[PDB]
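To start, the structure under review is shown below, and the notes come after it.
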Amino acid sequence: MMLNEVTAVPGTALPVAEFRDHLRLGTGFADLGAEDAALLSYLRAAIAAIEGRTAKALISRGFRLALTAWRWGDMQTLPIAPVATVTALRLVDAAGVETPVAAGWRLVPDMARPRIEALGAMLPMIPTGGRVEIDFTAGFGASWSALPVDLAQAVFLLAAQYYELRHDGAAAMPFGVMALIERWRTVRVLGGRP
Amino acid sequence: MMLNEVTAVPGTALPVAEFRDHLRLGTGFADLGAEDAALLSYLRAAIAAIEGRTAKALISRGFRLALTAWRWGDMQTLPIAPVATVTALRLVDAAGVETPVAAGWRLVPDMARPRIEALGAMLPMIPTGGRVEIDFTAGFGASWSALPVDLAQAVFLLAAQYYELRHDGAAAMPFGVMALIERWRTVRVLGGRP
Amino acid sequence: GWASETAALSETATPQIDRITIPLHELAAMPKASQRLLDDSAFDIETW
Amino acid sequence: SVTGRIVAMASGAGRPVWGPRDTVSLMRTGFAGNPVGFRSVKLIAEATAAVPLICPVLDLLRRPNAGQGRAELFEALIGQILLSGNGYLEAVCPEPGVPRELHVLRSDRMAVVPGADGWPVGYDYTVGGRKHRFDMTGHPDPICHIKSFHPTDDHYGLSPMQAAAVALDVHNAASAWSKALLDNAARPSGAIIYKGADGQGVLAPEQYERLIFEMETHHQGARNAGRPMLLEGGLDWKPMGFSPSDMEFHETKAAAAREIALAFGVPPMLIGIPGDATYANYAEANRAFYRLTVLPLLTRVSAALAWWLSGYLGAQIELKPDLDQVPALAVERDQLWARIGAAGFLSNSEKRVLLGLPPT
Amino acid sequence: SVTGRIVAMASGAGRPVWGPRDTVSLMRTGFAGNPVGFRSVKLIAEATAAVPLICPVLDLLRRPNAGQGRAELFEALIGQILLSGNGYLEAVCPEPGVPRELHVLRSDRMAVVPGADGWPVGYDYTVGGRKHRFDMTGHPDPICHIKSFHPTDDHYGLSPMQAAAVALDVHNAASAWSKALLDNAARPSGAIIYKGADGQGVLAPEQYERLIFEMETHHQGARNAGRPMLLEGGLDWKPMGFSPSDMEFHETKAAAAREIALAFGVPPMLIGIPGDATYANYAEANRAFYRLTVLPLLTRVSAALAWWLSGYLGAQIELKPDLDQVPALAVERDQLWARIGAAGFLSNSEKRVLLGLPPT
């Protein structure tokens, strides 16, 4: 289970022109672009902070889930939660040959449990000494407008903070950064074997 | 259970002209200068914070509840609470034949526990692999004026807070944001198997 | 596979196990019979 | 009789009536599942087979069929009565009188038919989806149907396992409580808490293999029990406990293990469950076993074999338990021989006729 | 037999029926694994072999084959019945009558074939991928198949270990709980905590070898138990405990060790498990053992040898346990000889016919 990203976000999909409206920089100056190189450096640093505390994705970039042994006999819950249209469960071999498999696997969409449950009571078997990478595109939407807005606000509450204080300097809201995140975190109570 | 919204708000349904009056009317600097479309972006962030803490809907948007297995035998509590009129309970199969049903169920509306509660003991079974899918319209009313005004004030107490201070800065009111929400939260005491 | 002597034979494919579900639907009839018609007639209506 | 004719047409004549739904699931969960429900039936069914009988016809009973002896027949017969309240015996009659085959038909796959006058006309042996439809519209009536007493039902028995069906599920799940507690439980014998300079801090994998190897070698095991364990700054050892150690549903299982033995009627002393001493010294509890739940059970089945098999003969035959040279009733035989043997007033031939002797 | 044809088709005629998969694993986990399941079968199988028999045929039973004596045969035969509910006996007949070889075929590798009329036509001894297909479509029928009573299955026995299969896994894992607790546990007898001026501070390897040598020499061991142990600034000694000391699942193991003994039917006094005194003084518990779980088992197997071996002879032979000069039944023999011996009213030959003597 490695879970790397195939492609990153384009950067042009991030709302730098709206984050600048948030931070109260300035309206009609002739410069207007001295911060563009750094404002998206804090938006990518605040999304990636909330992508890890919530285990959500938010831009629907493509992922690659390269794993070897199945976690449970048939289920295989995916880590990145809001998914749609798993592309390919290409089953690599011990070395080399990569054979994509329709394989009779389904996809159960959920924000909490994005399973990949199999229908033939057993997922496609795994060549001993070989991995099973799964290409899937997981996230809310393609553009910034398709997000839940409270999670989009939690980026703006957080990336404004990184813009206003640079080093770790200490400085209570009703719905702060944390209270907006908490309905998007994963609530789990299993430490067991299954 | 994905539960994505079919359509969002139009934006013209939101009280941006009224929220400018809750921001500075009768006392203030003047009407002053506020990026109008910015003020729409804080109302959508305060509603989506109260739509999540209360599990209400507040604008009567259209929903699509596509879940695989029925939880109870017949009950199926709907999460987004103030509901009216299931659009359709179409039932897709594993291939996508999408055969709707038109009888066998009677939505029992309620602000506490909206249900589906089919007739007798038979609720439409699920094609194996073929997720069931329920389209409904949930919320109070089409315009902003049809809301309970205490819940509308919790938006204005919250959307003004996101306007007055940007980052997560520190700052116990009797009926604050939190005290106006708690009579609209869902009070549940089940952690059990049914 | 036919195993050679200098082969150092690899493991083969365990056969896939299928699990096909019977849904076990219901089939019911609810006839409506009149009480007077069941009490007057010479025929055994509850048997018929 | 007259009431029965009315009862039939309510349920439906000519159509099978099934009765108990779960009787196929109480066998796997109550007779193959727990030892107390297993031993209780095996204690009775092996007791009724051991009791001799008093009458020809018993030559059939001694050798009913191939691979199913006399004692093996009643173990199969009573083993269906204790499990599902119903006993069945198919008779194959190539010959008109005393049919030379007996077969204990299992009561999971048998269903009754009420027929016209309320008393049964059909029995249906249903395995898979395939039926047989035995016929009762004749005189020999090829199946004896031994019912346990059921007050609410008109066609089946009550099956004491159904009466103990709550105490089986307590004893099955309390015993499976302790199994899965010994299989899903993480107790540690301690925890080396490492906070650090911060409130949180990991230790590097260089330091961590040092920490395993001084714990693997010098602290765990019987041979390292009690090393003084220097803790420098940051490290700390919090020993954990295990607060319920013994006795996880120990008495509620042992009370349920007694209610299963209560329902079939075996005493707690015979089966071996623990409990307070009710009976004294096994001359009673074995005598109580062959008087409250074996010989009343055996004289009820033998009264049905005495009437069903006499329908194949011309003359009717009685068939009763021996109630003599069954060695659990020796304390009722000492007590009756020493009473009349010590009664010296009445003469010699006057007491051979009392004790059951051939007179001289 | 008339219904025999209906059940045969559902299973599938001519094809092997296996029954329980996990049968071989209950042997390794429940009979080679724990002493209670080990002793309970060995206590019974060495008791049924010791009981003499009453009939020629017993000349075969006395010397069945090479290297497998009379008493060694029934230990193998009953040892399969208690373990897997099924007993098998191959007869090899170089000679036409009374075949001079008997072999207990183990019931792990044996499978039934239902055949046409429901009663079996084939038995399959399956070792490796190799089958044998014994044939039952003949008159001598070369394998006797002794079934324990199974109400739900039509072809096998129930094997009391299967009914106690939860209580075996409790007793196997509670005993392995205390084993791995003695092997994975770090208890210290204390901890010399060294904080320092800061909240954290190590001590130098000069100071650390000083701390070992005053702990190695002057404080550890039996001979240094209680030195007054000066602690300067920074140092502190927190003595640890071990809060559950005895009794890790001690009663749930001792309760599961009785439920294993319950299912096989041995009394708790014979096997040696601790527990409340149910039976009194071994004149009862040994007499209860040979009356509730040995002699009913032996009279059921001997009744199958009385019929299978009589199929090789012309005349049918009876074969029953002796129930005389078996020295566990002496309390039932004192009680019956002193009853009739004290009955002085009836004459001398009138009680020799009661006690079983040849009259004179």
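The chains in the structure tokens are called A, B, ... from first to last as shown; in each chain the residues are counted from 1, and the ligands are counted from 1 in the order shown.
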
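Using only C-alpha atoms, the chain A residues found within 9 Å of chain C amount to residues 119, 120, 121, 122, 123, 124, 125, 127 and 128 of chain A.
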
With N, CA and C atoms retained, could you export that selection as a tab-separated table (two decimals), in the first residue's frame?
```
chain	number	residue	atom	x	y	z
A	119	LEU	N	-17.40	-9.13	-6.40
A	119	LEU	CA	-18.68	-9.80	-6.55
A	119	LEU	C	-18.57	-11.32	-6.58
A	120	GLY	N	-17.45	-11.86	-7.05
A	120	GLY	CA	-17.24	-13.29	-7.05
A	120	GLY	C	-16.69	-13.85	-5.76
A	121	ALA	N	-16.94	-13.15	-4.66
A	121	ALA	CA	-16.61	-13.58	-3.30
A	121	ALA	C	-15.10	-13.63	-3.06
A	122	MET	N	-14.31	-13.37	-4.10
A	122	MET	CA	-12.86	-13.28	-3.97
A	122	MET	C	-12.33	-12.34	-5.04
A	123	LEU	N	-11.63	-11.30	-4.61
A	123	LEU	CA	-10.97	-10.40	-5.53
A	123	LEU	C	-10.00	-11.18	-6.41
A	124	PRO	N	-9.59	-10.62	-7.54
A	124	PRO	CA	-8.59	-11.29	-8.37
A	124	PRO	C	-7.33	-11.60	-7.58
A	125	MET	N	-6.84	-12.82	-7.73
A	125	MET	CA	-5.70	-13.26	-6.95
A	125	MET	C	-4.44	-12.51	-7.38
A	127	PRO	N	-0.31	-12.52	-8.04
A	127	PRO	CA	0.85	-13.37	-8.32
A	127	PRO	C	1.90	-13.17	-7.23
A	128	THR	N	2.27	-14.28	-6.58
A	128	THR	CA	3.16	-14.22	-5.43
A	128	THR	C	4.44	-13.50	-5.81
```

Worksheet item: segment 203-334 of chain D: which residues are strand (DSSP E or B) by DSSP, as a ChimeraX atom specification?
Response: /D:227,231,235-238,320-321

Distance query residue 113 of chain A at most 10 Å, only C-alpha atoms, self and fewer than 4 positions along chain excluded, as a CSV table (one decimal) with C-alpha atoms, in the first residue's frame:
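Result written to result28.csv:
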```csv
chain,number,residue,atom,x,y,z
A,76,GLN,CA,-10.3,-3.5,0.2
A,77,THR,CA,-11.3,-0.1,1.6
A,78,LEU,CA,-9.4,2.6,-0.2
A,79,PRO,CA,-7.7,5.4,1.9
A,80,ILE,CA,-8.5,8.5,0.0
A,81,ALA,CA,-12.2,8.8,0.6
A,82,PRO,CA,-14.4,10.7,-2.0
A,83,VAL,CA,-14.0,8.4,-5.0
A,108,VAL,CA,-19.1,0.9,-3.6
A,109,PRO,CA,-19.1,4.7,-3.4
A,186,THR,CA,-12.6,9.5,9.5
B,1,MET,CA,-24.1,6.1,0.1
B,2,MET,CA,-22.6,9.0,-1.7
```

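Once chain B is fitted to chain A over the full set of C-alpha atoms, matched in order, the RMSD stands at 2.0 Å.
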
Worksheet item: Could you pull out all residues of segment 20-211 of chain D with a DSSP call of alpha helix (DSSP H) and give them as a PyMOL selection string?
Response: chain D and resi 25-30+35-48+57-62+70-84+160-163+165-183+205-211

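In this comparison, which uses only C-alpha atoms, the residue of B:165, B:14, B:43, B:25 approaching residue 146 of chain B most closely is B:14.
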
So which residues touch residue 166 of chain B within 8 Å, counting only C-alpha atoms, skipping near sequence neighbours fewer than 6 positions away, as a PDB file with C-alpha atoms, in the first residue's frame?
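out17.pdb was written with the following content:
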```
ATOM      1  CA  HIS A  22      -9.846  36.730   1.296  1.00  0.00           C
ATOM      2  CA  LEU A  23      -6.562  38.038   2.629  1.00  0.00           C
ATOM      3  CA  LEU A 157      -8.947  29.881   7.392  1.00  0.00           C
ATOM      4  CA  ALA A 160      -4.545  32.746   5.598  1.00  0.00           C
TER       5      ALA A 160
END
```

Practice prompt. Taking only C-alpha atoms into account, report as a ChimeraX atom specification which residues of chain D lie within 12 Å of chain A.
Written response: /D:183-186

Produce a table with one row for each residue of chain E that has an atom at most 6 Å from any atom of chain D, each row naming the nearest atom pair and its distance in Å at one decimal; use only C-alpha atoms; arrange rows by chain and rising residue number; format as a Markdown table.
```
| residue | atom | partner | partner_atom | distance |
| --- | --- | --- | --- | --- |
| E:163 | CA | D:32 | CA | 4.9 |
| E:164 | CA | D:35 | CA | 5.3 |
| E:170 | CA | D:179 | CA | 4.9 |
| E:182 | CA | D:222 | CA | 5.5 |
| E:183 | CA | D:221 | CA | 4.3 |
| E:184 | CA | D:221 | CA | 5.5 |
| E:185 | CA | D:220 | CA | 5.1 |
| E:186 | CA | D:220 | CA | 4.5 |
| E:187 | CA | D:226 | CA | 5.3 |
| E:188 | CA | D:226 | CA | 4.0 |
| E:189 | CA | D:226 | CA | 4.5 |
| E:190 | CA | D:228 | CA | 5.1 |
| E:191 | CA | D:229 | CA | 5.0 |
| E:192 | CA | D:230 | CA | 4.9 |
| E:193 | CA | D:231 | CA | 4.9 |
| E:194 | CA | D:232 | CA | 4.9 |
| E:195 | CA | D:233 | CA | 4.6 |
| E:200 | CA | D:233 | CA | 3.9 |
| E:201 | CA | D:233 | CA | 4.8 |
| E:202 | CA | D:232 | CA | 5.6 |
| E:243 | CA | D:241 | CA | 5.9 |
| E:248 | CA | D:245 | CA | 5.7 |
| E:249 | CA | D:246 | CA | 4.4 |
| E:250 | CA | D:246 | CA | 5.9 |
| E:251 | CA | D:246 | CA | 5.8 |
| E:252 | CA | D:247 | CA | 6.0 |
| E:262 | CA | D:272 | CA | 5.9 |
| E:263 | CA | D:35 | CA | 5.0 |
```

Fill in: Test item: residues at most 12 Å from residue 162 of chain B, only C-alpha atoms, excluding those fewer than 2 positions along its chain, as a ChimeraX atom specification
/A:22-23,150,153-154,156-157,173-177 /B:23,38-47,49,155-160,164-169

Distance table requested - chain D against chain C, cut-off 9 Å, only C-alpha atoms: one row per qualifying residue with the closest atom pair and its distance in Å to one decimal, ordered by chain and rising residue number, as a Markdown table.
```
| residue | atom | partner | partner_atom | distance |
| --- | --- | --- | --- | --- |
| D:9 | CA | C:47 | CA | 6.2 |
| D:10 | CA | C:46 | CA | 6.6 |
| D:11 | CA | C:46 | CA | 7.8 |
| D:12 | CA | C:47 | CA | 4.9 |
| D:13 | CA | C:47 | CA | 5.8 |
| D:14 | CA | C:47 | CA | 8.0 |
| D:15 | CA | C:47 | CA | 8.6 |
```

Keeping only N, CA and C atoms, write those residues as a short mmCIF file (atom, residue, chain, number, x, y, z; two decimals), in the first residue's frame.
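Writing the result to selection.cif gives the following:
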```cif
data_model
loop_
_atom_site.label_atom_id
_atom_site.label_comp_id
_atom_site.auth_asym_id
_atom_site.auth_seq_id
_atom_site.Cartn_x
_atom_site.Cartn_y
_atom_site.Cartn_z
N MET D 9 -60.95 -27.90 8.81
CA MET D 9 -61.30 -26.94 7.77
C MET D 9 -60.84 -25.53 8.11
N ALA D 10 -60.39 -25.30 9.35
CA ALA D 10 -59.80 -24.01 9.70
C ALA D 10 -58.39 -23.89 9.15
N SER D 11 -57.56 -24.91 9.39
CA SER D 11 -56.18 -24.90 8.91
C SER D 11 -56.09 -25.21 7.42
N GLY D 12 -56.97 -26.08 6.93
CA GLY D 12 -56.95 -26.45 5.53
C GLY D 12 -56.70 -27.93 5.29
N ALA D 13 -57.71 -28.61 4.78
CA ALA D 13 -57.64 -30.04 4.53
C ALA D 13 -56.80 -30.33 3.29
N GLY D 14 -56.07 -31.45 3.34
CA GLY D 14 -55.30 -31.86 2.19
C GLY D 14 -54.01 -31.11 1.96
N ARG D 15 -53.64 -30.19 2.84
CA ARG D 15 -52.46 -29.38 2.68
C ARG D 15 -51.51 -29.58 3.85
#
```

Worksheet, complete the sentence: Of A:131, A:64, A:183, A:188, the one nearest to residue 51 of chain B when counting only C-alpha atoms is A:183

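In terms of minimum interatomic distance to residue 152 of chain E, D:26 ranks closest within D:89, D:60, D:26, D:121, counting only C-alpha atoms.
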
Discussion item. Report, in Å with one decimal, the straight-line distance from atom CA of residue 311 of chain E to atom CA of residue 55 of chain E.
Written reply: 14.8 Å

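Among B:27, B:145, B:12, B:54, the residue with the shortest atom-to-atom distance to chain A, counting only C-alpha atoms, is B:54.
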
Worksheet item: So which one's closest to chain B, A:17, A:55, A:88, A:30? Using only C-alpha atoms, please.
Response: A:17

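Among the candidates A:151, A:134, A:8, A:48, the one nearest to chain B when counting only C-alpha atoms is A:151.
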
Worksheet entry | Length of the atom CA of residue 129 of chain B to atom CA of residue 22 of chain C vector [Å] | 13.2 Å
